[PDB]
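As structure tokens, the structure follows; a few thoughts come after it.
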Amino acid sequence: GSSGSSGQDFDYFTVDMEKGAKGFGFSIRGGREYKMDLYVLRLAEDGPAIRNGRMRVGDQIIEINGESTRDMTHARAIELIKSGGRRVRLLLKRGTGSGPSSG
């Protein structure tokens, strides 16, 4: 009587931010175009992104605006952030882990 998928990935948390002076103030990298997942290229020091926190530079985006980030190209994810509007919600997880793995 057990239940649970296989593969204990990092913390699957969602991100919530709005548009700024020159946009959300965040970029992405990778994609089907390069045969790799979508990560956060960099962050805007003076943008609403770097102020959000939920998302940082060096993470892996598994979801974007609630749209499964699969079989998608860096171009798509780029249009999704502008397709939603001023508010963009993507699922990101920090590679910090659950803590010290020892015992």
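Cβ atoms come from the backbone with ideal geometry, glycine included; neighbour counts cover every protein chain shown. Read the figures in this text as sums done on the coordinates, not as results from a lab.
How about the range 9-27: which of its residues are surrounded by fewer than 16 Cβ atoms within 10 Å (Cβ to Cβ), of a type outside the set (D, E, K, R) and assigned to a loop (DSSP other than H, G, I, E, B)? Write out each step before concluding.
Narrowing the range 9-27 to residues surrounded by fewer than 16 Cβ atoms within 10 Å (Cβ to Cβ): 9-14, 16, 18, 21-22.
Checking which are of a type outside the set (D, E, K, R) leaves us with 10, 12-14, 21.
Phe10, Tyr12, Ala21, listed by residue number.
Name the pairs: first residue in the range 32-49 and farther than 16 Å from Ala21 by Cα, second residue part of a strand (DSSP E or B) and of a type in the set (S, T, N, Q), Cβ to Cβ under 9 Å, at least 6 apart or on different chains?
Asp37/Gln60; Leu38/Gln60; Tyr39/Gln60; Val40/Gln60
Residues of the range 28-51 being over 11 Å from the mean Cα position of the chain (by Cα), surrounded by fewer than 18 Cβ atoms within 10 Å (Cβ to Cβ) and outside any loop (DSSP other than H, G, I, E, B), which ones?
Listed by number, the residues that qualify are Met36, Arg51.
For the subset of the range 52-73 comprising residues that are in a loop (DSSP other than H, G, I, E, B) and without any contact (Cβ under 8 Å) to a residue 12 or more places away in the chain, which member is nearest to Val88 (Cα to Cα)?
The initial filter retains those residues of the range 52-73 that are in a loop (DSSP other than H, G, I, E, B), namely 53-59, 65-66, 69-73.
The next check asks that each one be without any contact (Cβ under 8 Å) to a residue 12 or more places away in the chain; those that pass are 53, 70.
Numbers: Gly53: 14, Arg70: 18 Å.
Here the answer is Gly53.
So, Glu79, is that one under 21 Å from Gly23 (Cα atoms), acidic (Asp, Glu) and touching a strand residue (DSSP E or B) at 6+ places or on another chain (Cβ under 9 Å) or not? Before you say what the answer is, go through the steps one by one.
Numbers: under 21 Å from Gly23 (Cα atoms): yes; acidic (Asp, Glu): yes; touching a strand residue (DSSP E or B) at 6+ places or on another chain (Cβ under 9 Å): no.
Spelling it out, it is not the case that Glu79 is under 21 Å from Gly23 (Cα atoms), acidic (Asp, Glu) and touching a strand residue (DSSP E or B) at 6+ places or on another chain (Cβ under 9 Å).
Would you check which residues across the range 1-57 are aromatic (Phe, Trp, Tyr) and touching a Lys or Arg at 6+ places or on another chain (Cβ under 6 Å) and list them? It would help to see each step written out before you state the result.
Keep residues of the range 1-57 that are aromatic (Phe, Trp, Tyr), which gives 10, 12-13, 24, 26, 34, 39.
Listed by number, the residues that qualify are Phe10, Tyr12, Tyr39.
Residues in the range 59-103 that are surrounded by 16 or more Cβ atoms within 10 Å (Cβ to Cβ), among the aliphatic types (A, V, I, L, M) and over 20 Å from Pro48 (Cα atoms): how many?
Total meeting the criteria: 2.
Pairs under 6 Å by beta carbon, first residue in contact (Cβ under 8 Å) with a residue 60 or more places away in the chain in the range 77-92, partner surrounded by 17 or more Cβ atoms within 10 Å (Cβ to Cβ) and assigned to a helix (DSSP H, G or I), six or more apart or different chains?
Sorted first by the residue in the range 77-92, then by its partner, the pairs are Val88/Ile81.
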